[PDB]
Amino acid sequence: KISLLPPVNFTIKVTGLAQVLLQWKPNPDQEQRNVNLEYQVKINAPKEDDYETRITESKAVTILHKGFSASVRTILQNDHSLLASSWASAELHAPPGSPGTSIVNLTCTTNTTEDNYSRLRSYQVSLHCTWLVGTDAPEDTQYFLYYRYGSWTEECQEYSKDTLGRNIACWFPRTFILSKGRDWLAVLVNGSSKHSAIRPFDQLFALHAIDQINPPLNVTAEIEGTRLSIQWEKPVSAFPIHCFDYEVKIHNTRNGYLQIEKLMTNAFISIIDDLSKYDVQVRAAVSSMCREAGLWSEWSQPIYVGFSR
């Protein structure tokens, strides 16, 4: 019967925007090349997490404005037992700054658009951010926003300010964000003043949670006698034709009857009443086959059909 020995020289380095590198070394006394002892890492704060690794380092993505706390230990898992050393721990102190100076209510929206003319036929993502000034933030502070997607990091330059000159919004017409992206967009906003020091704020956004899908265009509807035909084009997006869920709303303006069709197609042909005026709208979302559930687009601006006479 014997036990394990804890790792040493446990460090935590800020390598990037919401990006940390955890490093440590194997305990000198323990066995050298026992290839099936590994390391367990536990994140104690801000959010509790737990995972294994076999390397003496670990890169991780997490917010850093609330500080950071991690523990690492040596483990050996038989499938009857788990053997564990004591924890070695390390921390990153919460960034300096008086209370309430930090930005509140950060909101971010991405949108897919196209170029212009024959430069290349592709898609740009635009990023729009808004927020409120810190409540007791000294009237002098200026706020600055950075974002990181993948390897790319940028600072904004097109700001919208309030009445006392402070940045409360940001506009990126062109960005490094992938239109079909799965990765996490990291946004940091720090600030500066002559008096007090300002608490930086930062957030992690999954693209599917903030991608503002565009509305379907050229919604066309016609009634020929008893036959109703609705067509519409796939919205402006990098995701192809077969990746969209559609909801077609057919509203009877006379009696308020509301017919809603859910379909993955681009045209709906069916039967309807001659003698009522209808307004139709269509909205779209990205299918779960192509990406985890996200947001619905706005409704197409309504078109009218029936009672042509």
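Residue numbers run from 1 along the displayed sequence.
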Between the two ranges 137 to 145 and 82 to 90, the one averaging a larger CA B factor in the entry: 137 to 145
Between the two ranges 263 to 271 and 29 to 37, the one averaging a larger CA B factor in the entry: 29 to 37
Candidate residues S229, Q212, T163, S237, the one whose C-alpha B factor the record puts highest: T163
C-alpha B-factor winner, where the candidates are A197, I75, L204, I177: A197
Ranked against its chain, the third holding the CA B-factor of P216: lowest
Chain third (lowest, middle, highest) by recorded CA B-factor, residue given as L120: highest
Relative C-alpha B-factor of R182, binned into the chain's lowest, middle or highest third: highest
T109 - Cα temperature factor, lowest/middle/highest third of chain: middle
Where the record places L132 (Cα B-factor, split into thirds across the chain): highest
